[PDB]
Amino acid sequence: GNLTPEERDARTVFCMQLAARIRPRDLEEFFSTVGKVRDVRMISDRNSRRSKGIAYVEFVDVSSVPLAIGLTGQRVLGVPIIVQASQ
């Protein structure tokens, strides 16, 4: 049941340029179209004056990572998201 940290990294994307008001629910919903989401972790202490929030989104399968990266530029709460491999 336990994945190693490296195995979890292989399933995780790092997200940038998140709207100040973003919620984990918003990321769960957005990424659900490319795979099953296991965990969402907001890293940013919200700067309300900037659309530069960050988060990790961990999927169940490694297959979802390239698909999620491909969503880069799509508008989440009106702001183009940047999605990169965690590792």
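The numbering used is simple: start at 1 and walk along the sequence shown.
*Per the entry, higher mean C-alpha B factor between 25 to 33 and 46 to 54*: Of 25 to 33 and 46 to 54, the stretch with the higher C-alpha B-factor average is 46 to 54.
Between 35 to 43 and 57 to 65, which has the larger average Cα B-factor in the PDB entry?
The entry gives the higher C-alpha B-factor average to 35 to 43.
- Query: From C15, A10, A20, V76, which pick has the Cα B-factor that tops the rest in the entry?
  - Reply: Top of the list by C-alpha B-factor: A20.
Ranking the modelled residues of this chain by C-alpha B-factor as given in the entry, is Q84 in the lowest, middle or highest third?
CA B-factor rank for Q84: lowest third.
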